[PDB]
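Engineer: My questions will all concern the structure given below.
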Amino acid sequence: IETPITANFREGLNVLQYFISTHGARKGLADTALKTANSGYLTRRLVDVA
Amino acid sequence: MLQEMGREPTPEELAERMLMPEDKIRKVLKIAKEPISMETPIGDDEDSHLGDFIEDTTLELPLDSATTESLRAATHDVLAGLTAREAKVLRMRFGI
Amino acid sequence: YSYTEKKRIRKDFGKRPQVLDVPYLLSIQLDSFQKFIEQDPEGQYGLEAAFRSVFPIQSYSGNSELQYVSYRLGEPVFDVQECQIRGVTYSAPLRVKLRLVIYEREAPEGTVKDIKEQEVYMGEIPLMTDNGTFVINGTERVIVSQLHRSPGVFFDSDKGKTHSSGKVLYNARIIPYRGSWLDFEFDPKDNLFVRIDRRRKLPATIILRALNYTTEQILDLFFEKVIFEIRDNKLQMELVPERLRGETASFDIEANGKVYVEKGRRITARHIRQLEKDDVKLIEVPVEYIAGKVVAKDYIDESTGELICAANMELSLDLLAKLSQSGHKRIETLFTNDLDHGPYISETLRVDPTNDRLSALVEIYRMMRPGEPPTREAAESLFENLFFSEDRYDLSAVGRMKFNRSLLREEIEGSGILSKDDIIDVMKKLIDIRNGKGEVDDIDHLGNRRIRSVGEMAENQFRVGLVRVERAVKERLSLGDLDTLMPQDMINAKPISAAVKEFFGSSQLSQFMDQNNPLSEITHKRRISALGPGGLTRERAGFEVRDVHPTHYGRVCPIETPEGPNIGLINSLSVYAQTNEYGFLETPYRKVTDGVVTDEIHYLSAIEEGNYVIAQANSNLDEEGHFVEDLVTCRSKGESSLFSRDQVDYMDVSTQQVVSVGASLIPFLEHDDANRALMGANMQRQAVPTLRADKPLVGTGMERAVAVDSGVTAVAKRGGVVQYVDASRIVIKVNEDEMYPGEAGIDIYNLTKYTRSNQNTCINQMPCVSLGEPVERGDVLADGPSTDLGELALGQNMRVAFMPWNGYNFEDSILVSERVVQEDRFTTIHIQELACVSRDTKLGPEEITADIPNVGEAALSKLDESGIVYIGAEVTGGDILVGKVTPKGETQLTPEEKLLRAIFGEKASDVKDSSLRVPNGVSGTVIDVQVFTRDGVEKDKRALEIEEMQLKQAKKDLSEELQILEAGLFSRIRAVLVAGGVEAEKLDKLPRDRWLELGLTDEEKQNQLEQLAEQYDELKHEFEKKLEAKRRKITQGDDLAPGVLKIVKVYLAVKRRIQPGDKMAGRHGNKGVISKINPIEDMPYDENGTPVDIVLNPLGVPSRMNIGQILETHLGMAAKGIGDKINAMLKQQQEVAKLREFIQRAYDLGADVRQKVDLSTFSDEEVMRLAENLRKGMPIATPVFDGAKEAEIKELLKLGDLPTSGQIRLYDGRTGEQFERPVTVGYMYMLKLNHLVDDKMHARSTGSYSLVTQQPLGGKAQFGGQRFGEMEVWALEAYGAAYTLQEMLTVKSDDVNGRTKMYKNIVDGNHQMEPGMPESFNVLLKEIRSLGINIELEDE
Amino acid sequence: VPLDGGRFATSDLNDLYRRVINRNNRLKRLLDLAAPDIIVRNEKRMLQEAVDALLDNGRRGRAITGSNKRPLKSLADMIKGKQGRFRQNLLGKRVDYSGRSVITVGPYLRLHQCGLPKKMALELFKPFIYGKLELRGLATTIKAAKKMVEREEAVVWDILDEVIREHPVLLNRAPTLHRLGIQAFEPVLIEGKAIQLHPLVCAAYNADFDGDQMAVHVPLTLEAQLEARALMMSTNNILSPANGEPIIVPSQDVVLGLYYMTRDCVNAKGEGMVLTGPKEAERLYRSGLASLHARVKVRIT
Ligand SMILES: [Mg+2]
């Protein structure tokens, strides 16, 4: 994104600043909700080998 | 009779019309069902299909086995204090 | 203000003058159902849309038909709560008029023929509340709205599918509402192909044959006809100069005598302009220029009829000569400006081997019906039914619209059917953008996206039931007798009702209510999803629809969704948003005019919205001028930036409409991070109504507007005065002006007492008012489990402090004192259901009565003669509730027990006990029950007792009802006597029944006498009817299941109080659990000894950034102070005018407040009760973004005469010295949960097992064993506890002899192992062998 | 089987067995009757189709359903995915003598100790107690033992304590990502229903007191008892095998209070004096003379 943030939580967001804050938050949270599957899968195969 | 009534008929007036009593009606209605296939998901998320709920209440319980064994051994202990003819009678007469 | 507001207000800091008083909020589904019921004459929807879509219908012979007349419903048989009680669904009768109209086939249409113009009943139908839900068998439930993909059309282009290339393949799809989809698709070889519903590829041109068209009629359309003409030696041609455009010259391209462009030379815009300008078309060109061109059309010799050159065939010099020898100057050919106009279609055409339409039919039929049966009518009707029969295909004229506008037509409408022009315009358009122009769209744009409310889906399944019947309809139409077969002699409504009950009960959406919280239910109502049929899937759907399109702004709150796999999928509606009547969406926006904002609005869509520029609401008008700043943050184009001022088209109404509700209710979110926000509003909904209704103190303002349209409590339908009040009910007198003439104009309101949800917690309602007092309309009557003066009250406002402790607030860990428990404000209550059946058996009928064998009278002490508990009691696990017994057979026993019974003389009967008991681990108070018994079975005595008691209760109040209603009306029968004299005391002292025998006159006064007699008659008669109906249905028995004979049910009551491990939180994600509760002595405390209530390790605020919590604490620390000032003024007992000054100044502090009010308008006593409500602390409303700020906070704190830091010394309770430094305090509002350890923790010694493996279970409900994952095994694998491994494998699960032997060894004291070999092993051996395998063992 | 409602419940496979019977019957029944081969072919097709369906409903072609509209479970499906014996029922198992609960902290505790709501161990240590009551003969046999259990005699608890001494126990959280995500402690009883523990090992468990909860298992047999006491006794496990890393890093607070303590202002007071040893340092600050953060002279040994 081009225009960065000015306020903080001591000062207080704009409508838009929080609107935008939404996004990557949701994204990385979704990622946080799914890396465990690959993790368990892989580690399971690892024990499956040795 | 649903067209007639416009509604569901009772076993009363339907036993009347069908000309035989609610006995057989109900006797029939004990029959009218089919089975529902153990493995269905009553667990809505595929978490517990119905077959997983049931316990088999057929075999026995170990606490009760110990109960009845303690019974039998205490009777052995009691009968041990009896006359020979008494306890032999009282054994073979009951198949103890 | 309102009287409710006269008695309690909330301070507010709004400054931005708000336009809107927000709408009604449960509008949406109420209206959806309202459509699906209501009589459209012509613009049919739902119900009628389905009917009209269906009727009328003819026989399979073509003789006889049947016609629609009208519909109607009955009122439902029953009221509501009786179904709540019986465990029944409420629903209205459906009846439909119909006319069995046939026509003499003897005559052409000799309609002197059969008309059974009768009416039918078929299918009761689940009706709606005034709040939307449908109760089902005493289950309050919620079917859920959906969004999904719209019909019409959708184009795409996959980018490097075979990324070996790196190529685009454009492609298209068209989707109806019903019927087949359709797919067009490219290949890297620039060739169009086709498939329906994922059938196989087909070169699309086959279908053009199939649609009755020729190469002529095709490339006429797709290409222009490049004509050559051979003038007696030489090739000439007209030329559009802009065919040679961004192109290169081959030969010396000259003119009549003039060279514009030499060989190998680009035909520059210079010379395009020249050829235009000098206006040459007819250009000498070498004949060679043809060679390679394809012939436009089939040419022959007229004497032959034989192709010398076939259509779509490459041209040659031998062909040049020959075709000239046959006689041909004009030679139509293709136009190939491959840059612009050229080869996609001729490629596929050549690739298309079906010479004729007929072969196309054959191979269509063949691919679709692989095999070799071919005949013509098969494929003919097949194709015609695909996309050209109404039966198997329909657009939803919505889709027609969207399609026509993908087509840029002007007709919103058409059929649900195709035309060929449209098809070809599509194929054209497809090719056209394949040349480079145009684009494909983003599905994420919400104009691609349409909702689905109920009446739509109801219509769907209903229509399906109609067809389920329609099959039989045709079958029985053409076959049966015609004169005499009634129309309802054909009907079976069972598939219809089956579909109803299925969707009303067998849908992912068709689900229970979420009931703990008015928020929970109401946001469960305004929830949206997109799953199910024509829907989505967890595994298959991905991030990009889970991720946002900016179009969401104002139409979808992005803030509010669950967290796991359902994260980006599940979403709710933003507040001020609405639907397109189609099912698309809108949001209102304020138009902008000349700089001046137009105070009007319009409900713009997703699409228009991109076209225009739009402004915000944070914006600063120039005081009815325009936007002050030159550079105004506005937005169009799918993106925002800064613009000039008069330039603007539109504006956002509020700063709000972007959002939805639980998000809305949080102040200082501007000072808060987003993860925490989502979680906080997520668990905001997990509320618990506590024992009372204790408000919070900081607000936002909406909360009043929330508390109402839950429908959770009564309102003032009509202003009046309170007649009567009860702990259960009330009665009012309606004002005359509101009163209507025939009606008496008085209401009753009978209240909701202790009752359950789906989630099974208490229910109750009670008045916030007094009696003999005026009432205005629309006001409330009674608050609820979580409500207060028409405003929500779910949690607990109290105190807070911030500091660590000796490891009692380590990691997110929270701590507390004990007086809280004495106030038991967290204490709350639950109930449970318990019931049992009487059945008939193979041995005889089961029965119930006190008589049981081998009893301790301890249990019997509380059970009646019928063997049943009396009310008022308390009980605990193992007690008996009802003594039920079952006819038993007979068995035998071992000689040891024989020896036992033989000396004590132990004697027995032939019956078994099946008696009800309290579950292990449970206790509570005995408060209420019921019984149900067949109409046909003798009602065992006390059934009749309560049955009679029911007639005591019910009829008494019904008596009471008319004892008021009827009574008041007789004022007329008295009052009208007053005219024309009156029998002053000869009326009163002598009995009222003999007032008719008093003075009478002629003509006009016998009419009053028979009026009296008429009212006498009618008024007694009404109650006779009431009594009849009521005593019947209360006398009505119970249609029980076959074998079931009568049923009992009971309820106890249980209460629950606070303990460590019980989870806790507030409004920021601020979770926590108790590890300790503190005696008040060792609590730290202040200079004034007024100790703390809550302790917390502050460490986590910076990492999580729940900053506004602090700000709240400041504010509440202030507001409590003012209540305390007031409190001091009351025992000290000051005066009116000092309160007047202080408070008038008080609420008149802030900077630029919106709200405005005067105080002298009110009385004293109003102020008195007001302040009486306010002495605890002043309530405040923080608009989130238009809130208050630092300065006013510190101002009003200084008025509260408080340290601005609010950050003060303490003394430890244990040492009584001081801590090191000052510490922050205040008041915050705190909240507890469902997740209670009592509902959680569980152990399992030894109990129930499986049945094939005999392995323990899982569940606290079933005394279930706990599971041991592989991971847990692998830790031991590291460790090596082979014996423990063995142990847990064998006896704790599988080895039966082993587990038993061990049981004995331990009661023997012996800790000595025995293994076996598990069950599932040999189970699997048998499984292998069942599959015809010789698995087998190699014994040592 | 039936249900309490008189309602019956079956497996898929009883259908399929049943299916074939009739077809084979209609095979042989027909084969009494001298048919054209075409029908025989058709019949054999039906037969071997049913056979495939047994081995796999949905392998060769369009699968087979009842009015479920869902496929009937293959023989193979019993072995398959997780669902078969391997991953569901054999390698992972339900267990007797285990429990669970919500959890909390014991700040006071030591290593081997663990909070224990007592009913848990109570019902979990029953036959110890029944052998023990037969031994005492207060409950001469076990009916009376359970009666007296219901009678709630103080002796029970002493007896219960008298059992519980030196009887180790197993601590269990999931997801179990490494061998340290479970442990073996010594029991400690408490008048609550929230499990108190030594907080640091959250660092091992990646755990936090924000709604977590845990399960428990028993080493009955002496081999397990001693394996526990010797191997996943925590004193035998302090580091990773991944690295030579102390895993019991003082997590969040102890660090900070200590940091604040070992601290060198100049500001507070009492600067430039002298000591014998830290005992008088305690006496001196605690008298209220001094700064706990101030560079001043002392002696050490
Ligand atoms: Mg955790």
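Every chain in the structure tokens takes a letter, A first, then B, and so on in the order presented; its residues are numbered from 1, and the ligands are numbered from 1 following the presented order.
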Give me every alpha helix (DSSP H) residue in region 319-563 of chain C, going by DSSP on the backbone, as a ChimeraX atom specification.

Structural biologist: /C:319-326,345-351,357-368,376-387,397-406,420-435,454-479,494-503,518-525,543-546

Engineer: Within 8 Å of ligand 1, counting only C-alpha atoms and all ligand atoms: which residues, as an mmCIF file with N, CA and C atoms, in the first residue's frame?

Structural biologist:
data_model
loop_
_atom_site.group_PDB
_atom_site.id
_atom_site.type_symbol
_atom_site.label_atom_id
_atom_site.label_comp_id
_atom_site.auth_asym_id
_atom_site.auth_seq_id
_atom_site.Cartn_x
_atom_site.Cartn_y
_atom_site.Cartn_z
ATOM 1 N N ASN D 206 4.080 -24.881 25.538
ATOM 2 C CA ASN D 206 3.599 -23.766 24.738
ATOM 3 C C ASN D 206 2.211 -23.363 25.201
ATOM 4 N N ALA D 207 1.991 -23.482 26.498
ATOM 5 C CA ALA D 207 0.668 -23.424 27.081
ATOM 6 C C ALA D 207 0.418 -22.066 27.710
ATOM 7 N N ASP D 208 -0.851 -21.800 27.996
ATOM 8 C CA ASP D 208 -1.212 -20.542 28.619
ATOM 9 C C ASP D 208 -2.569 -20.648 29.286
ATOM 10 N N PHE D 209 -2.729 -19.856 30.336
ATOM 11 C CA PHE D 209 -3.886 -19.952 31.214
ATOM 12 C C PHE D 209 -4.984 -19.014 30.730
ATOM 13 N N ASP D 210 -5.472 -19.354 29.545
ATOM 14 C CA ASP D 210 -6.446 -18.552 28.823
ATOM 15 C C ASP D 210 -7.605 -19.391 28.303
ATOM 16 N N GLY D 211 -7.804 -20.581 28.863
ATOM 17 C CA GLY D 211 -8.827 -21.507 28.427
ATOM 18 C C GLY D 211 -8.266 -22.859 28.035
ATOM 19 N N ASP D 212 -7.029 -23.160 28.433
ATOM 20 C CA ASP D 212 -6.463 -24.479 28.206
ATOM 21 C C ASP D 212 -6.921 -25.450 29.288
#

Engineer: Can you pull out the residues contacting region 22-26 of chain A? Cut-off 8 Å, using only C-alpha atoms, and skip same-chain residues under 2 positions away; I want them as a ChimeraX atom specification.

Structural biologist: /A:18-20,28-30 /C:547-548,558-559,568,674-675

Engineer: Could the residues in this selection be saved with N, CA and C atoms as a PDB file, in the first residue's frame?

Structural biologist:
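The resulting again-v3.pdb:
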ATOM      1  N   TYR A  18      -8.364   1.486   9.930  1.00  0.00           N
ATOM      2  CA  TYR A  18      -8.763   0.205  10.498  1.00  0.00           C
ATOM      3  C   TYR A  18      -9.378  -0.695   9.437  1.00  0.00           C
ATOM      4  N   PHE A  19     -10.171  -0.097   8.537  1.00  0.00           N
ATOM      5  CA  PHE A  19     -10.705  -0.811   7.382  1.00  0.00           C
ATOM      6  C   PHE A  19      -9.613  -1.593   6.681  1.00  0.00           C
ATOM      7  N   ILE A  20      -8.448  -0.983   6.577  1.00  0.00           N
ATOM      8  CA  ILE A  20      -7.351  -1.518   5.801  1.00  0.00           C
ATOM      9  C   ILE A  20      -6.556  -2.505   6.622  1.00  0.00           C
ATOM     10  N   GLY A  28      -2.913 -13.496   7.330  1.00  0.00           N
ATOM     11  CA  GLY A  28      -1.973 -14.219   8.145  1.00  0.00           C
ATOM     12  C   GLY A  28      -2.648 -15.035   9.208  1.00  0.00           C
ATOM     13  N   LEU A  29      -3.841 -14.634   9.630  1.00  0.00           N
ATOM     14  CA  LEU A  29      -4.567 -15.467  10.567  1.00  0.00           C
ATOM     15  C   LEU A  29      -5.055 -16.733   9.898  1.00  0.00           C
ATOM     16  N   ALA A  30      -5.521 -16.618   8.661  1.00  0.00           N
ATOM     17  CA  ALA A  30      -5.908 -17.795   7.905  1.00  0.00           C
ATOM     18  C   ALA A  30      -4.732 -18.736   7.767  1.00  0.00           C
TER      19      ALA A  30
ATOM     20  N   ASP C 547     -10.848 -13.651   1.068  1.00  0.00           N
ATOM     21  CA  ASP C 547     -10.307 -12.303   1.107  1.00  0.00           C
ATOM     22  C   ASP C 547     -11.319 -11.317   0.541  1.00  0.00           C
ATOM     23  N   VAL C 548     -11.094 -10.046   0.835  1.00  0.00           N
ATOM     24  CA  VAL C 548     -12.109  -9.027   0.617  1.00  0.00           C
ATOM     25  C   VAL C 548     -11.932  -8.355  -0.734  1.00  0.00           C
ATOM     26  N   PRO C 558     -16.674  -6.165   7.514  1.00  0.00           N
ATOM     27  CA  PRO C 558     -15.590  -7.143   7.417  1.00  0.00           C
ATOM     28  C   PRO C 558     -15.116  -7.645   8.759  1.00  0.00           C
ATOM     29  N   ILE C 559     -15.738  -7.174   9.837  1.00  0.00           N
ATOM     30  CA  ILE C 559     -15.163  -7.251  11.164  1.00  0.00           C
ATOM     31  C   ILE C 559     -15.559  -8.520  11.883  1.00  0.00           C
ATOM     32  N   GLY C 568     -13.187 -16.663   6.394  1.00  0.00           N
ATOM     33  CA  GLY C 568     -13.539 -15.676   5.392  1.00  0.00           C
ATOM     34  C   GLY C 568     -14.850 -16.027   4.732  1.00  0.00           C
ATOM     35  N   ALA C 674      -7.153  -5.193  15.502  1.00  0.00           N
ATOM     36  CA  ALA C 674      -8.270  -5.796  14.803  1.00  0.00           C
ATOM     37  C   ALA C 674      -8.501  -7.253  15.155  1.00  0.00           C
ATOM     38  N   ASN C 675      -7.429  -8.001  15.377  1.00  0.00           N
ATOM     39  CA  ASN C 675      -7.555  -9.375  15.827  1.00  0.00           C
ATOM     40  C   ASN C 675      -8.369  -9.429  17.101  1.00  0.00           C
TER      41      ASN C 675
END

Engineer: Extract, using only C-alpha atoms, all DNA, RNA and protein residues at most 12 Å from residue 501 (chain C), discarding same-chain residues fewer than 4 positions from it, and format them as a PDB file with C-alpha atoms, in the first residue's frame.

Structural biologist:
ATOM      1  CA  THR C  89     -44.953 -27.382  15.500  1.00  0.00           C
ATOM      2  CA  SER C  91     -48.475 -24.141  11.297  1.00  0.00           C
ATOM      3  CA  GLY C 123     -50.179 -29.732   3.919  1.00  0.00           C
ATOM      4  CA  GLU C 124     -49.970 -27.644   7.000  1.00  0.00           C
ATOM      5  CA  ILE C 125     -47.170 -25.134   6.742  1.00  0.00           C
ATOM      6  CA  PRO C 126     -44.720 -23.748   9.327  1.00  0.00           C
ATOM      7  CA  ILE C 136     -40.622 -27.113  15.597  1.00  0.00           C
ATOM      8  CA  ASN C 137     -41.869 -29.767  17.979  1.00  0.00           C
ATOM      9  CA  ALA C 458     -39.278 -22.686  -0.403  1.00  0.00           C
ATOM     10  CA  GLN C 461     -38.675 -27.460  -3.040  1.00  0.00           C
ATOM     11  CA  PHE C 462     -42.389 -26.834  -3.327  1.00  0.00           C
ATOM     12  CA  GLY C 465     -43.063 -31.717  -4.718  1.00  0.00           C
ATOM     13  CA  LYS C 494     -47.293 -36.689   0.955  1.00  0.00           C
ATOM     14  CA  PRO C 495     -44.296 -35.939  -1.306  1.00  0.00           C
ATOM     15  CA  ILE C 496     -45.127 -32.242  -0.931  1.00  0.00           C
ATOM     16  CA  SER C 497     -45.215 -32.255   2.858  1.00  0.00           C
ATOM     17  CA  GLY C 505     -35.688 -30.111   9.200  1.00  0.00           C
ATOM     18  CA  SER C 506     -33.052 -31.683   6.947  1.00  0.00           C
ATOM     19  CA  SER C 507     -30.907 -28.771   5.818  1.00  0.00           C
ATOM     20  CA  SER C 510     -32.186 -25.621   9.000  1.00  0.00           C
TER      21      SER C 510
END

Engineer: Set the cut-off to 6 Å and count only C-alpha atoms: what are the residues of chain C that reach chain D? Output as a short mmCIF file (atom, residue, chain, number, x, y, z; two decimals) with N, CA and C atoms, in the first residue's frame.

Structural biologist:
data_model
loop_
_atom_site.label_atom_id
_atom_site.label_comp_id
_atom_site.auth_asym_id
_atom_site.auth_seq_id
_atom_site.Cartn_x
_atom_site.Cartn_y
_atom_site.Cartn_z
N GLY C 807 2.77 -14.33 41.57
CA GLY C 807 2.48 -15.46 40.73
C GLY C 807 1.02 -15.83 40.63
N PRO C 1060 -12.41 -21.25 41.07
CA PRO C 1060 -11.27 -21.21 40.16
C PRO C 1060 -11.42 -22.21 39.04
N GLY C 1061 -10.75 -21.90 37.93
CA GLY C 1061 -10.90 -22.64 36.72
C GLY C 1061 -12.05 -22.15 35.87
N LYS C 1071 -9.14 -12.31 27.96
CA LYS C 1071 -9.51 -13.53 28.66
C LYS C 1071 -8.83 -13.60 30.02
N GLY C 1072 -9.13 -14.67 30.73
CA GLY C 1072 -8.46 -14.96 31.97
C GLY C 1072 -9.17 -16.06 32.71
N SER C 1075 -7.20 -18.41 39.46
CA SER C 1075 -6.40 -19.36 40.20
C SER C 1075 -6.59 -19.21 41.70
N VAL C 1237 -16.06 -25.31 34.15
CA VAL C 1237 -15.40 -26.59 34.40
C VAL C 1237 -16.37 -27.65 34.86
N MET C 1241 -14.98 -31.13 33.37
CA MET C 1241 -13.99 -32.06 33.88
C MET C 1241 -14.59 -33.42 34.13
N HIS C 1242 -13.76 -34.45 34.01
CA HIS C 1242 -14.26 -35.80 33.97
C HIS C 1242 -13.13 -36.79 34.17
N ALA C 1243 -13.45 -37.85 34.90
CA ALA C 1243 -12.56 -38.98 35.08
C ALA C 1243 -13.32 -40.24 34.75
N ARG C 1244 -12.57 -41.32 34.62
CA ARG C 1244 -13.18 -42.59 34.32
C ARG C 1244 -12.39 -43.67 35.00
N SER C 1245 -12.99 -44.25 36.03
CA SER C 1245 -12.36 -45.40 36.67
C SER C 1245 -12.61 -46.63 35.81
N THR C 1246 -13.85 -47.08 35.78
CA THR C 1246 -14.14 -48.27 35.01
C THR C 1246 -15.64 -48.41 34.83
N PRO C 1256 -13.33 -48.83 26.03
CA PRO C 1256 -14.08 -47.77 26.71
C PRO C 1256 -14.55 -46.69 25.75
N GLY C 1265 -14.00 -43.13 28.35
CA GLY C 1265 -12.56 -43.12 28.43
C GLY C 1265 -11.97 -42.02 27.58
N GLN C 1266 -10.74 -41.66 27.90
CA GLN C 1266 -10.04 -40.62 27.17
C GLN C 1266 -9.14 -41.27 26.13
N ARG C 1267 -8.92 -40.55 25.04
CA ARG C 1267 -8.17 -41.07 23.92
C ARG C 1267 -6.70 -40.76 24.08
N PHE C 1268 -5.88 -41.62 23.47
CA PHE C 1268 -4.42 -41.56 23.57
C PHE C 1268 -3.89 -41.54 22.14
N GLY C 1269 -3.48 -40.38 21.67
CA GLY C 1269 -3.02 -40.27 20.31
C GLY C 1269 -1.66 -40.89 20.10
N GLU C 1270 -1.38 -41.14 18.82
CA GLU C 1270 -0.07 -41.58 18.37
C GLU C 1270 1.06 -40.72 18.92
N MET C 1271 0.83 -39.42 18.99
CA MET C 1271 1.87 -38.50 19.44
C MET C 1271 2.27 -38.85 20.85
N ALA C 1275 6.08 -40.04 22.41
CA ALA C 1275 6.86 -39.57 23.55
C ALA C 1275 7.42 -40.75 24.34
N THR C 1284 4.54 -49.96 30.43
CA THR C 1284 3.42 -49.04 30.42
C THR C 1284 2.72 -49.07 29.08
N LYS C 1292 -6.34 -51.51 29.88
CA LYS C 1292 -7.09 -50.28 29.90
C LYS C 1292 -8.03 -50.18 28.72
N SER C 1293 -7.77 -50.94 27.66
CA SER C 1293 -8.61 -50.99 26.48
C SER C 1293 -9.19 -52.36 26.19
N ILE C 1306 -5.49 -55.90 42.35
CA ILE C 1306 -5.37 -54.65 43.09
C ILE C 1306 -6.21 -54.71 44.34
N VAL C 1307 -7.44 -55.22 44.24
CA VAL C 1307 -8.17 -55.45 45.48
C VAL C 1307 -7.52 -56.56 46.30
N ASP C 1308 -6.66 -57.37 45.68
CA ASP C 1308 -5.77 -58.22 46.45
C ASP C 1308 -4.53 -57.49 46.95
N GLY C 1309 -4.39 -56.21 46.64
CA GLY C 1309 -3.15 -55.51 46.90
C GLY C 1309 -2.08 -55.73 45.84
N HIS C 1311 0.03 -55.64 42.66
CA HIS C 1311 0.28 -54.82 41.48
C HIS C 1311 1.00 -55.62 40.39
#

Engineer: Per residue of chain D within 8 Å of chain B, what are the shortest atom pair and its distance in Å to one decimal, counting only C-alpha atoms, with rows by chain and residue number, as JSON lines?

Structural biologist:
{"residue": "D:7", "atom": "CA", "partner": "B:35", "partner_atom": "CA", "distance": 7.3}
{"residue": "D:8", "atom": "CA", "partner": "B:35", "partner_atom": "CA", "distance": 5.0}
{"residue": "D:9", "atom": "CA", "partner": "B:35", "partner_atom": "CA", "distance": 4.9}
{"residue": "D:10", "atom": "CA", "partner": "B:37", "partner_atom": "CA", "distance": 4.6}
{"residue": "D:11", "atom": "CA", "partner": "B:37", "partner_atom": "CA", "distance": 5.2}
{"residue": "D:12", "atom": "CA", "partner": "B:37", "partner_atom": "CA", "distance": 6.3}
{"residue": "D:141", "atom": "CA", "partner": "B:70", "partner_atom": "CA", "distance": 7.4}
{"residue": "D:142", "atom": "CA", "partner": "B:67", "partner_atom": "CA", "distance": 6.9}
{"residue": "D:143", "atom": "CA", "partner": "B:67", "partner_atom": "CA", "distance": 7.5}

Engineer: Rounded to one decimal in Å, what is the spacing between CA of residue 1126 (chain C) and CA of residue 703 (chain C)?

Structural biologist: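 Those two atoms sit 25.7 Å apart.
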
Engineer: At a cut-off of 8 Å, using only C-alpha atoms, what residues contact residue 188 (chain D)? Leave out same-chain residues fewer than 4 positions from it and give the result as a PyMOL selection string.

Structural biologist: chain D and resi 113-116

Engineer: What's around residue 57 (chain B) at 12 Å? Count only C-alpha atoms, leave out sequence neighbours fewer than 2 positions away in its own chain, and write the answer as a PyMOL selection string.

Structural biologist: (chain B and resi 54-55+59-61) or (chain C and resi 1247-1252+1254) or (chain D and resi 1)

Engineer: With C-alpha atoms retained, could you export that selection as a compact mmCIF listing (two decimals), in the first residue's frame?

Structural biologist:
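Result file is result22.txt:
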# COMPACT_ATOMS: atom_id res chain seq x y z
CA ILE B 54 -23.57 -47.95 22.01
CA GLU B 55 -22.28 -50.06 24.88
CA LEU B 59 -21.14 -59.65 29.51
CA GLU B 60 -20.53 -58.88 33.23
CA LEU B 61 -18.78 -56.44 35.56
CA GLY C 1247 -17.42 -48.48 33.20
CA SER C 1248 -18.99 -48.70 29.80
CA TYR C 1249 -17.20 -50.35 26.90
CA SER C 1250 -17.53 -50.81 23.17
CA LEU C 1251 -19.34 -53.77 21.69
CA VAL C 1252 -17.10 -55.23 18.99
CA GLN C 1254 -15.22 -53.82 24.17
CA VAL D 1 -29.63 -54.55 17.44
